[PDB]
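**Student:** You'll find target_2.cif just under this line, and it carries mmCIF, N, CA and C atoms; chains and numbers go by the auth columns.
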data_input
loop_
_atom_site.group_PDB
_atom_site.id
_atom_site.type_symbol
_atom_site.label_atom_id
_atom_site.label_comp_id
_atom_site.label_asym_id
_atom_site.label_seq_id
_atom_site.Cartn_x
_atom_site.Cartn_y
_atom_site.Cartn_z
_atom_site.B_iso_or_equiv
_atom_site.auth_seq_id
_atom_site.auth_asym_id
ATOM 1 N N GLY A 1 78.627 101.234 85.758 0.00 1 A
ATOM 2 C CA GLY A 1 77.990 100.288 84.789 0.00 1 A
ATOM 3 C C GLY A 1 76.773 99.646 85.446 0.00 1 A
ATOM 4 N N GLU A 2 77.012 98.566 86.188 0.00 2 A
ATOM 5 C CA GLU A 2 75.945 97.873 86.917 0.00 2 A
ATOM 6 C C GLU A 2 75.277 98.900 87.828 0.00 2 A
ATOM 7 N N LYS A 3 74.539 98.490 88.861 0.00 3 A
ATOM 8 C CA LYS A 3 73.972 99.488 89.768 0.00 3 A
ATOM 9 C C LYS A 3 75.124 100.021 90.622 0.00 3 A
ATOM 10 N N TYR A 4 76.186 100.260 89.867 0.00 4 A
ATOM 11 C CA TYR A 4 77.473 100.784 90.268 0.00 4 A
ATOM 12 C C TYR A 4 77.293 102.238 90.677 0.00 4 A
ATOM 13 N N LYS A 5 76.027 102.652 90.691 0.00 5 A
ATOM 14 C CA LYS A 5 75.664 104.023 90.992 0.00 5 A
ATOM 15 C C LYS A 5 75.986 104.403 92.419 0.00 5 A
ATOM 16 N N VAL A 6 76.570 103.470 93.180 0.00 6 A
ATOM 17 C CA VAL A 6 77.080 103.862 94.486 0.00 6 A
ATOM 18 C C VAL A 6 78.180 104.857 94.136 0.00 6 A
ATOM 19 N N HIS A 7 78.452 104.851 92.814 0.00 7 A
ATOM 20 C CA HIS A 7 79.427 105.674 92.148 0.00 7 A
ATOM 21 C C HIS A 7 80.783 105.077 92.321 0.00 7 A
ATOM 22 N N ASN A 8 80.827 103.845 92.917 0.00 8 A
ATOM 23 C CA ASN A 8 82.100 103.152 93.178 0.00 8 A
ATOM 24 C C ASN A 8 83.150 104.197 93.131 0.00 8 A
ATOM 25 N N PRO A 9 83.051 105.135 94.020 0.00 9 A
ATOM 26 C CA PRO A 9 83.948 106.275 93.986 0.00 9 A
ATOM 27 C C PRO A 9 85.340 105.799 93.678 0.00 9 A
ATOM 28 N N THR A 10 85.866 106.489 92.702 0.00 10 A
ATOM 29 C CA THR A 10 87.208 106.280 92.268 0.00 10 A
ATOM 30 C C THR A 10 88.028 107.176 93.190 0.00 10 A
ATOM 31 N N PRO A 11 87.540 108.391 93.447 0.00 11 A
ATOM 32 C CA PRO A 11 88.195 109.379 94.366 0.00 11 A
ATOM 33 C C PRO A 11 88.191 109.058 95.881 0.00 11 A
ATOM 34 N N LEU A 12 87.089 108.439 96.363 0.00 12 A
ATOM 35 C CA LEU A 12 86.951 108.154 97.807 0.00 12 A
ATOM 36 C C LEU A 12 87.502 106.805 98.262 0.00 12 A
ATOM 37 N N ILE A 13 87.230 105.759 97.476 0.00 13 A
ATOM 38 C CA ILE A 13 87.778 104.448 97.836 0.00 13 A
ATOM 39 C C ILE A 13 89.279 104.411 97.546 0.00 13 A
ATOM 40 N N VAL A 14 89.686 104.892 96.385 0.00 14 A
ATOM 41 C CA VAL A 14 91.117 104.887 96.081 0.00 14 A
ATOM 42 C C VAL A 14 91.843 105.893 96.960 0.00 14 A
ATOM 43 N N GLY A 15 91.186 107.027 97.158 0.00 15 A
ATOM 44 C CA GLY A 15 91.755 108.034 98.047 0.00 15 A
ATOM 45 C C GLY A 15 91.722 107.588 99.518 0.00 15 A
ATOM 46 N N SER A 16 90.627 106.929 99.911 0.00 16 A
ATOM 47 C CA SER A 16 90.491 106.459 101.294 0.00 16 A
ATOM 48 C C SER A 16 91.394 105.273 101.583 0.00 16 A
ATOM 49 N N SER A 17 91.382 104.375 100.604 0.00 17 A
ATOM 50 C CA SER A 17 92.197 103.174 100.716 0.00 17 A
ATOM 51 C C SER A 17 93.645 103.543 101.020 0.00 17 A
ATOM 52 N N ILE A 18 94.125 104.623 100.402 0.00 18 A
ATOM 53 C CA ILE A 18 95.490 105.091 100.629 0.00 18 A
ATOM 54 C C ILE A 18 95.679 105.496 102.085 0.00 18 A
ATOM 55 N N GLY A 19 94.659 106.186 102.590 0.00 19 A
ATOM 56 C CA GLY A 19 94.696 106.599 103.990 0.00 19 A
ATOM 57 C C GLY A 19 94.931 105.348 104.834 0.00 19 A
ATOM 58 N N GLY A 20 94.240 104.251 104.573 0.00 20 A
ATOM 59 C CA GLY A 20 94.533 103.036 105.349 0.00 20 A
ATOM 60 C C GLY A 20 96.055 102.807 105.318 0.00 20 A
ATOM 61 N N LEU A 21 96.655 102.583 104.152 0.00 21 A
ATOM 62 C CA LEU A 21 98.121 102.463 104.098 0.00 21 A
ATOM 63 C C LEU A 21 98.655 103.761 104.720 0.00 21 A
ATOM 64 N N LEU A 22 98.040 104.939 104.780 0.00 22 A
ATOM 65 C CA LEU A 22 98.752 106.074 105.380 0.00 22 A
ATOM 66 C C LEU A 22 99.008 105.832 106.862 0.00 22 A
ATOM 67 N N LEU A 23 97.876 105.572 107.502 0.00 23 A
ATOM 68 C CA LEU A 23 97.851 105.359 108.945 0.00 23 A
ATOM 69 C C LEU A 23 98.609 104.107 109.389 0.00 23 A
ATOM 70 N N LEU A 24 98.354 103.027 108.670 0.00 24 A
ATOM 71 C CA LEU A 24 98.953 101.740 109.017 0.00 24 A
ATOM 72 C C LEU A 24 100.486 101.781 109.029 0.00 24 A
ATOM 73 N N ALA A 25 101.084 102.144 107.905 0.00 25 A
ATOM 74 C CA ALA A 25 102.544 102.199 107.803 0.00 25 A
ATOM 75 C C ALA A 25 103.132 103.171 108.826 0.00 25 A
ATOM 76 N N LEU A 26 102.520 104.337 108.972 0.00 26 A
ATOM 77 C CA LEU A 26 103.026 105.331 109.914 0.00 26 A
ATOM 78 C C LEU A 26 102.946 104.791 111.350 0.00 26 A
ATOM 79 N N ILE A 27 101.799 104.221 111.704 0.00 27 A
ATOM 80 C CA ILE A 27 101.656 103.701 113.068 0.00 27 A
ATOM 81 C C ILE A 27 102.687 102.602 113.351 0.00 27 A
ATOM 82 N N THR A 28 102.841 101.709 112.380 0.00 28 A
ATOM 83 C CA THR A 28 103.783 100.595 112.521 0.00 28 A
ATOM 84 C C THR A 28 105.204 101.100 112.783 0.00 28 A
ATOM 85 N N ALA A 29 105.615 102.117 112.035 0.00 29 A
ATOM 86 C CA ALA A 29 106.952 102.682 112.207 0.00 29 A
ATOM 87 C C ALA A 29 107.091 103.290 113.602 0.00 29 A
ATOM 88 N N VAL A 30 106.081 104.000 114.102 0.00 30 A
ATOM 89 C CA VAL A 30 106.183 104.594 115.434 0.00 30 A
ATOM 90 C C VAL A 30 106.359 103.492 116.475 0.00 30 A
ATOM 91 N N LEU A 31 105.537 102.457 116.366 0.00 31 A
ATOM 92 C CA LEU A 31 105.586 101.344 117.308 0.00 31 A
ATOM 93 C C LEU A 31 106.987 100.726 117.330 0.00 31 A
ATOM 94 N N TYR A 32 107.571 100.550 116.156 0.00 32 A
ATOM 95 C CA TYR A 32 108.915 99.981 116.061 0.00 32 A
ATOM 96 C C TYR A 32 109.901 100.856 116.848 0.00 32 A
ATOM 97 N N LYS A 33 109.915 102.145 116.536 0.00 33 A
ATOM 98 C CA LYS A 33 110.807 103.065 117.228 0.00 33 A
ATOM 99 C C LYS A 33 110.628 102.967 118.746 0.00 33 A
ATOM 100 N N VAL A 34 109.450 103.246 119.305 0.00 34 A
ATOM 101 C CA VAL A 34 109.232 103.183 120.744 0.00 34 A
ATOM 102 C C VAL A 34 109.656 101.835 121.301 0.00 34 A
ATOM 103 N N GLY A 35 109.963 100.904 120.401 0.00 35 A
ATOM 104 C CA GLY A 35 110.382 99.576 120.795 0.00 35 A
ATOM 105 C C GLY A 35 109.184 98.689 121.115 0.00 35 A
ATOM 106 N N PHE A 36 107.981 99.078 120.708 0.00 36 A
ATOM 107 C CA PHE A 36 106.810 98.262 120.992 0.00 36 A
ATOM 108 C C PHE A 36 106.882 96.886 120.314 0.00 36 A
ATOM 109 N N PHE A 37 107.368 96.862 119.056 0.00 37 A
ATOM 110 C CA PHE A 37 107.479 95.612 118.294 0.00 37 A
ATOM 111 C C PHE A 37 108.763 94.857 118.676 0.00 37 A
ATOM 112 N N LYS A 38 109.499 95.602 119.493 0.00 38 A
ATOM 113 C CA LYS A 38 110.734 95.047 120.047 0.00 38 A
ATOM 114 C C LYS A 38 110.303 93.952 121.022 0.00 38 A
ATOM 115 N N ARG A 39 108.977 93.893 121.198 0.00 39 A
ATOM 116 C CA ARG A 39 108.310 92.939 122.082 0.00 39 A
ATOM 117 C C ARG A 39 109.106 92.680 123.362 0.00 39 A
ATOM 118 N N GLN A 40 108.535 93.142 124.466 0.00 40 A
ATOM 119 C CA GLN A 40 109.135 92.993 125.787 0.00 40 A
ATOM 120 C C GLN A 40 109.609 91.552 126.033 0.00 40 A
ATOM 121 N N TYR A 41 110.078 91.318 127.255 0.00 41 A
ATOM 122 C CA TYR A 41 110.592 90.014 127.674 0.00 41 A
ATOM 123 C C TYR A 41 111.616 89.456 126.686 0.00 41 A
ATOM 124 N N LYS A 42 112.037 90.288 125.732 0.00 42 A
ATOM 125 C CA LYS A 42 113.049 89.883 124.751 0.00 42 A
ATOM 126 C C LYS A 42 112.622 88.632 123.983 0.00 42 A
#
Take the structure in this file and express it as structure tokens.
**Tutor:**
Amino acid sequence: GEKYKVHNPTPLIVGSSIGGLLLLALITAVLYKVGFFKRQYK
């Protein structure tokens, strides 16, 4: 609509945005397992 001609990609931002949740959730789970979030020193 507006100078929305950046094309406010529906495919790239929505598709990319998911990748953020892709990487984030996956990384967080790995860290938990290795006990990283188990935070040392108890």
**Student:** Report, in Å with one decimal, the straight-line distance from atom CA of residue A:37 to atom CA of residue A:23.
**Tutor:**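 Interatomic distance, atom CA of residue A:37 to atom CA of residue A:23: 16.6 Å.
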**Student:** From a DSSP calculation on the backbone, collect every residue of chain A in alpha helix (DSSP H) and output the set as a PDB file with N, CA and C atoms, in the coordinates of the input.
**Tutor:**
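Done, and the output landed in result_17.pdb:
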ATOM      1  N   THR A  10      85.866 106.489  92.702  1.00  0.00           N
ATOM      2  CA  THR A  10      87.208 106.280  92.268  1.00  0.00           C
ATOM      3  C   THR A  10      88.028 107.176  93.190  1.00  0.00           C
ATOM      4  N   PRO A  11      87.540 108.391  93.447  1.00  0.00           N
ATOM      5  CA  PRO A  11      88.195 109.379  94.366  1.00  0.00           C
ATOM      6  C   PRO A  11      88.191 109.058  95.881  1.00  0.00           C
ATOM      7  N   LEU A  12      87.089 108.439  96.363  1.00  0.00           N
ATOM      8  CA  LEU A  12      86.951 108.154  97.807  1.00  0.00           C
ATOM      9  C   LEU A  12      87.502 106.805  98.262  1.00  0.00           C
ATOM     10  N   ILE A  13      87.230 105.759  97.476  1.00  0.00           N
ATOM     11  CA  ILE A  13      87.778 104.448  97.836  1.00  0.00           C
ATOM     12  C   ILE A  13      89.279 104.411  97.546  1.00  0.00           C
ATOM     13  N   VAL A  14      89.686 104.892  96.385  1.00  0.00           N
ATOM     14  CA  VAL A  14      91.117 104.887  96.081  1.00  0.00           C
ATOM     15  C   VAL A  14      91.843 105.893  96.960  1.00  0.00           C
ATOM     16  N   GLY A  15      91.186 107.027  97.158  1.00  0.00           N
ATOM     17  CA  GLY A  15      91.755 108.034  98.047  1.00  0.00           C
ATOM     18  C   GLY A  15      91.722 107.588  99.518  1.00  0.00           C
ATOM     19  N   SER A  16      90.627 106.929  99.911  1.00  0.00           N
ATOM     20  CA  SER A  16      90.491 106.459 101.294  1.00  0.00           C
ATOM     21  C   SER A  16      91.394 105.273 101.583  1.00  0.00           C
ATOM     22  N   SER A  17      91.382 104.375 100.604  1.00  0.00           N
ATOM     23  CA  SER A  17      92.197 103.174 100.716  1.00  0.00           C
ATOM     24  C   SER A  17      93.645 103.543 101.020  1.00  0.00           C
ATOM     25  N   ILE A  18      94.125 104.623 100.402  1.00  0.00           N
ATOM     26  CA  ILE A  18      95.490 105.091 100.629  1.00  0.00           C
ATOM     27  C   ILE A  18      95.679 105.496 102.085  1.00  0.00           C
ATOM     28  N   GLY A  19      94.659 106.186 102.590  1.00  0.00           N
ATOM     29  CA  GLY A  19      94.696 106.599 103.990  1.00  0.00           C
ATOM     30  C   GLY A  19      94.931 105.348 104.834  1.00  0.00           C
ATOM     31  N   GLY A  20      94.240 104.251 104.573  1.00  0.00           N
ATOM     32  CA  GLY A  20      94.533 103.036 105.349  1.00  0.00           C
ATOM     33  C   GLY A  20      96.055 102.807 105.318  1.00  0.00           C
ATOM     34  N   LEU A  21      96.655 102.583 104.152  1.00  0.00           N
ATOM     35  CA  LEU A  21      98.121 102.463 104.098  1.00  0.00           C
ATOM     36  C   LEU A  21      98.655 103.761 104.720  1.00  0.00           C
ATOM     37  N   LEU A  22      98.040 104.939 104.780  1.00  0.00           N
ATOM     38  CA  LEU A  22      98.752 106.074 105.380  1.00  0.00           C
ATOM     39  C   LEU A  22      99.008 105.832 106.862  1.00  0.00           C
ATOM     40  N   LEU A  23      97.876 105.572 107.502  1.00  0.00           N
ATOM     41  CA  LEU A  23      97.851 105.359 108.945  1.00  0.00           C
ATOM     42  C   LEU A  23      98.609 104.107 109.389  1.00  0.00           C
ATOM     43  N   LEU A  24      98.354 103.027 108.670  1.00  0.00           N
ATOM     44  CA  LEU A  24      98.953 101.740 109.017  1.00  0.00           C
ATOM     45  C   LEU A  24     100.486 101.781 109.029  1.00  0.00           C
ATOM     46  N   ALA A  25     101.084 102.144 107.905  1.00  0.00           N
ATOM     47  CA  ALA A  25     102.544 102.199 107.803  1.00  0.00           C
ATOM     48  C   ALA A  25     103.132 103.171 108.826  1.00  0.00           C
ATOM     49  N   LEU A  26     102.520 104.337 108.972  1.00  0.00           N
ATOM     50  CA  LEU A  26     103.026 105.331 109.914  1.00  0.00           C
ATOM     51  C   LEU A  26     102.946 104.791 111.350  1.00  0.00           C
ATOM     52  N   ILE A  27     101.799 104.221 111.704  1.00  0.00           N
ATOM     53  CA  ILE A  27     101.656 103.701 113.068  1.00  0.00           C
ATOM     54  C   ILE A  27     102.687 102.602 113.351  1.00  0.00           C
ATOM     55  N   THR A  28     102.841 101.709 112.380  1.00  0.00           N
ATOM     56  CA  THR A  28     103.783 100.595 112.521  1.00  0.00           C
ATOM     57  C   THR A  28     105.204 101.100 112.783  1.00  0.00           C
ATOM     58  N   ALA A  29     105.615 102.117 112.035  1.00  0.00           N
ATOM     59  CA  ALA A  29     106.952 102.682 112.207  1.00  0.00           C
ATOM     60  C   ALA A  29     107.091 103.290 113.602  1.00  0.00           C
ATOM     61  N   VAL A  30     106.081 104.000 114.102  1.00  0.00           N
ATOM     62  CA  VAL A  30     106.183 104.594 115.434  1.00  0.00           C
ATOM     63  C   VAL A  30     106.359 103.492 116.475  1.00  0.00           C
ATOM     64  N   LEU A  31     105.537 102.457 116.366  1.00  0.00           N
ATOM     65  CA  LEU A  31     105.586 101.344 117.308  1.00  0.00           C
ATOM     66  C   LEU A  31     106.987 100.726 117.330  1.00  0.00           C
ATOM     67  N   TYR A  32     107.571 100.550 116.156  1.00  0.00           N
ATOM     68  CA  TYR A  32     108.915  99.981 116.061  1.00  0.00           C
ATOM     69  C   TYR A  32     109.901 100.856 116.848  1.00  0.00           C
ATOM     70  N   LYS A  33     109.915 102.145 116.536  1.00  0.00           N
ATOM     71  CA  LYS A  33     110.807 103.065 117.228  1.00  0.00           C
ATOM     72  C   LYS A  33     110.628 102.967 118.746  1.00  0.00           C
TER      73      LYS A  33
END
**Student:** What is the atom CA of residue A:38-atom CA of residue A:26 distance in Å, reported with one decimal?
**Tutor:**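 Computing it gives 16.4 Å between the two atoms.
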**Student:** Separation of atom C of residue A:35 and atom N of residue A:22, in Å?
**Tutor:**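 Straight-line distance from atom C of residue A:35 to atom N of residue A:22 works out to 20.7 Å.
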**Student:** Put the listed atoms of stretch 22-39 of chain A in a box along x, y and z with 8 Å added on every side and give me the centre and edge lengths in Å to one decimal, as JSON.
**Tutor:**
{"center_x": 104.3, "center_y": 99.4, "center_z": 114.1, "size_x": 29.0, "size_y": 29.4, "size_z": 34.6}
**Student:** Can you save stretch 2-39 of chain A of the given block to a file, including N, CA and C atoms and formatted as a PDB file, in the first residue's frame?
**Tutor:**
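Result file is selection.pdb:
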ATOM      1  N   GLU A   2       1.301   1.662   1.194  1.00  0.00           N
ATOM      2  CA  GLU A   2       2.194   2.815   1.344  1.00  0.00           C
ATOM      3  C   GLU A   2       3.443   2.531   0.511  1.00  0.00           C
ATOM      4  N   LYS A   3       4.566   3.214   0.746  1.00  0.00           N
ATOM      5  CA  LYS A   3       5.772   2.874  -0.008  1.00  0.00           C
ATOM      6  C   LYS A   3       6.293   1.550   0.556  1.00  0.00           C
ATOM      7  N   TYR A   4       5.294   0.698   0.732  1.00  0.00           N
ATOM      8  CA  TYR A   4       5.348  -0.661   1.222  1.00  0.00           C
ATOM      9  C   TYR A   4       6.051  -1.520   0.183  1.00  0.00           C
ATOM     10  N   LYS A   5       6.546  -0.838  -0.848  1.00  0.00           N
ATOM     11  CA  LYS A   5       7.193  -1.492  -1.970  1.00  0.00           C
ATOM     12  C   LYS A   5       8.484  -2.169  -1.574  1.00  0.00           C
ATOM     13  N   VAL A   6       8.834  -2.106  -0.284  1.00  0.00           N
ATOM     14  CA  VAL A   6       9.955  -2.916   0.170  1.00  0.00           C
ATOM     15  C   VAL A   6       9.457  -4.339  -0.054  1.00  0.00           C
ATOM     16  N   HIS A   7       8.140  -4.364  -0.348  1.00  0.00           N
ATOM     17  CA  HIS A   7       7.358  -5.540  -0.625  1.00  0.00           C
ATOM     18  C   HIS A   7       6.974  -6.195   0.659  1.00  0.00           C
ATOM     19  N   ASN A   8       7.290  -5.511   1.802  1.00  0.00           N
ATOM     20  CA  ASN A   8       6.997  -6.054   3.139  1.00  0.00           C
ATOM     21  C   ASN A   8       6.806  -7.513   2.954  1.00  0.00           C
ATOM     22  N   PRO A   9       7.835  -8.162   2.509  1.00  0.00           N
ATOM     23  CA  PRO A   9       7.723  -9.569   2.169  1.00  0.00           C
ATOM     24  C   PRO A   9       6.903 -10.266   3.219  1.00  0.00           C
ATOM     25  N   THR A  10       5.952 -10.977   2.674  1.00  0.00           N
ATOM     26  CA  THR A  10       5.080 -11.793   3.453  1.00  0.00           C
ATOM     27  C   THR A  10       5.837 -13.111   3.580  1.00  0.00           C
ATOM     28  N   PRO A  11       6.454 -13.563   2.487  1.00  0.00           N
ATOM     29  CA  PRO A  11       7.277 -14.817   2.449  1.00  0.00           C
ATOM     30  C   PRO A  11       8.628 -14.807   3.207  1.00  0.00           C
ATOM     31  N   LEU A  12       9.318 -13.644   3.197  1.00  0.00           N
ATOM     32  CA  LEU A  12      10.651 -13.548   3.826  1.00  0.00           C
ATOM     33  C   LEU A  12      10.652 -13.151   5.300  1.00  0.00           C
ATOM     34  N   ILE A  13       9.817 -12.165   5.647  1.00  0.00           N
ATOM     35  CA  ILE A  13       9.738 -11.777   7.058  1.00  0.00           C
ATOM     36  C   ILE A  13       8.979 -12.842   7.851  1.00  0.00           C
ATOM     37  N   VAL A  14       7.856 -13.304   7.330  1.00  0.00           N
ATOM     38  CA  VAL A  14       7.113 -14.336   8.053  1.00  0.00           C
ATOM     39  C   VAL A  14       7.880 -15.648   8.030  1.00  0.00           C
ATOM     40  N   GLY A  15       8.482 -15.915   6.879  1.00  0.00           N
ATOM     41  CA  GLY A  15       9.308 -17.111   6.767  1.00  0.00           C
ATOM     42  C   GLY A  15      10.605 -16.993   7.586  1.00  0.00           C
ATOM     43  N   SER A  16      11.202 -15.797   7.578  1.00  0.00           N
ATOM     44  CA  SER A  16      12.445 -15.575   8.325  1.00  0.00           C
ATOM     45  C   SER A  16      12.208 -15.525   9.824  1.00  0.00           C
ATOM     46  N   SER A  17      11.138 -14.805  10.144  1.00  0.00           N
ATOM     47  CA  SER A  17      10.761 -14.656  11.542  1.00  0.00           C
ATOM     48  C   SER A  17      10.646 -16.023  12.209  1.00  0.00           C
ATOM     49  N   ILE A  18      10.114 -16.999  11.472  1.00  0.00           N
ATOM     50  CA  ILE A  18       9.972 -18.358  11.991  1.00  0.00           C
ATOM     51  C   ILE A  18      11.338 -18.955  12.302  1.00  0.00           C
ATOM     52  N   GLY A  19      12.260 -18.703  11.376  1.00  0.00           N
ATOM     53  CA  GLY A  19      13.625 -19.183  11.574  1.00  0.00           C
ATOM     54  C   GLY A  19      14.106 -18.663  12.928  1.00  0.00           C
ATOM     55  N   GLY A  20      13.885 -17.400  13.252  1.00  0.00           N
ATOM     56  CA  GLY A  20      14.291 -16.938  14.589  1.00  0.00           C
ATOM     57  C   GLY A  20      13.731 -17.929  15.624  1.00  0.00           C
ATOM     58  N   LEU A  21      12.414 -18.080  15.734  1.00  0.00           N
ATOM     59  CA  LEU A  21      11.870 -19.097  16.650  1.00  0.00           C
ATOM     60  C   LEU A  21      12.514 -20.420  16.210  1.00  0.00           C
ATOM     61  N   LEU A  22      12.982 -20.727  15.004  1.00  0.00           N
ATOM     62  CA  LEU A  22      13.518 -22.076  14.780  1.00  0.00           C
ATOM     63  C   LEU A  22      14.768 -22.309  15.619  1.00  0.00           C
ATOM     64  N   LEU A  23      15.679 -21.375  15.379  1.00  0.00           N
ATOM     65  CA  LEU A  23      16.989 -21.410  16.020  1.00  0.00           C
ATOM     66  C   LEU A  23      16.930 -21.229  17.537  1.00  0.00           C
ATOM     67  N   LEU A  24      16.147 -20.245  17.943  1.00  0.00           N
ATOM     68  CA  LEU A  24      16.042 -19.908  19.361  1.00  0.00           C
ATOM     69  C   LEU A  24      15.569 -21.088  20.219  1.00  0.00           C
ATOM     70  N   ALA A  25      14.398 -21.622  19.907  1.00  0.00           N
ATOM     71  CA  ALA A  25      13.845 -22.741  20.672  1.00  0.00           C
ATOM     72  C   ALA A  25      14.783 -23.947  20.644  1.00  0.00           C
ATOM     73  N   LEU A  26      15.328 -24.261  19.477  1.00  0.00           N
ATOM     74  CA  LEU A  26      16.222 -25.409  19.358  1.00  0.00           C
ATOM     75  C   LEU A  26      17.483 -25.190  20.207  1.00  0.00           C
ATOM     76  N   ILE A  27      18.077 -24.007  20.090  1.00  0.00           N
ATOM     77  CA  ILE A  27      19.296 -23.745  20.863  1.00  0.00           C
ATOM     78  C   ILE A  27      19.027 -23.847  22.369  1.00  0.00           C
ATOM     79  N   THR A  28      17.913 -23.256  22.784  1.00  0.00           N
ATOM     80  CA  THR A  28      17.538 -23.263  24.201  1.00  0.00           C
ATOM     81  C   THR A  28      17.417 -24.691  24.736  1.00  0.00           C
ATOM     82  N   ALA A  29      16.775 -25.558  23.962  1.00  0.00           N
ATOM     83  CA  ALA A  29      16.608 -26.950  24.374  1.00  0.00           C
ATOM     84  C   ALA A  29      17.971 -27.634  24.485  1.00  0.00           C
ATOM     85  N   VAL A  30      18.889 -27.400  23.549  1.00  0.00           N
ATOM     86  CA  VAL A  30      20.203 -28.038  23.626  1.00  0.00           C
ATOM     87  C   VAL A  30      20.913 -27.596  24.903  1.00  0.00           C
ATOM     88  N   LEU A  31      20.887 -26.295  25.158  1.00  0.00           N
ATOM     89  CA  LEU A  31      21.544 -25.738  26.336  1.00  0.00           C
ATOM     90  C   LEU A  31      21.001 -26.393  27.609  1.00  0.00           C
ATOM     91  N   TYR A  32      19.691 -26.562  27.672  1.00  0.00           N
ATOM     92  CA  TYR A  32      19.066 -27.192  28.835  1.00  0.00           C
ATOM     93  C   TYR A  32      19.641 -28.602  29.027  1.00  0.00           C
ATOM     94  N   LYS A  33      19.581 -29.405  27.972  1.00  0.00           N
ATOM     95  CA  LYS A  33      20.105 -30.762  28.043  1.00  0.00           C
ATOM     96  C   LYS A  33      21.555 -30.766  28.536  1.00  0.00           C
ATOM     97  N   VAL A  34      22.504 -30.135  27.843  1.00  0.00           N
ATOM     98  CA  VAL A  34      23.900 -30.122  28.260  1.00  0.00           C
ATOM     99  C   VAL A  34      24.036 -29.644  29.695  1.00  0.00           C
ATOM    100  N   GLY A  35      22.931 -29.153  30.251  1.00  0.00           N
ATOM    101  CA  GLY A  35      22.921 -28.661  31.613  1.00  0.00           C
ATOM    102  C   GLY A  35      23.441 -27.231  31.689  1.00  0.00           C
ATOM    103  N   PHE A  36      23.521 -26.524  30.567  1.00  0.00           N
ATOM    104  CA  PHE A  36      24.012 -25.155  30.595  1.00  0.00           C
ATOM    105  C   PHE A  36      23.108 -24.229  31.422  1.00  0.00           C
ATOM    106  N   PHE A  37      21.779 -24.411  31.286  1.00  0.00           N
ATOM    107  CA  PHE A  37      20.807 -23.585  32.014  1.00  0.00           C
ATOM    108  C   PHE A  37      20.611 -24.113  33.445  1.00  0.00           C
ATOM    109  N   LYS A  38      21.270 -25.256  33.598  1.00  0.00           N
ATOM    110  CA  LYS A  38      21.287 -25.898  34.913  1.00  0.00           C
ATOM    111  C   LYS A  38      22.131 -24.996  35.812  1.00  0.00           C
ATOM    112  N   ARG A  39      22.710 -23.986  35.151  1.00  0.00           N
ATOM    113  CA  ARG A  39      23.572 -22.985  35.779  1.00  0.00           C
ATOM    114  C   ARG A  39      24.459 -23.586  36.871  1.00  0.00           C
TER     115      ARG A  39
END
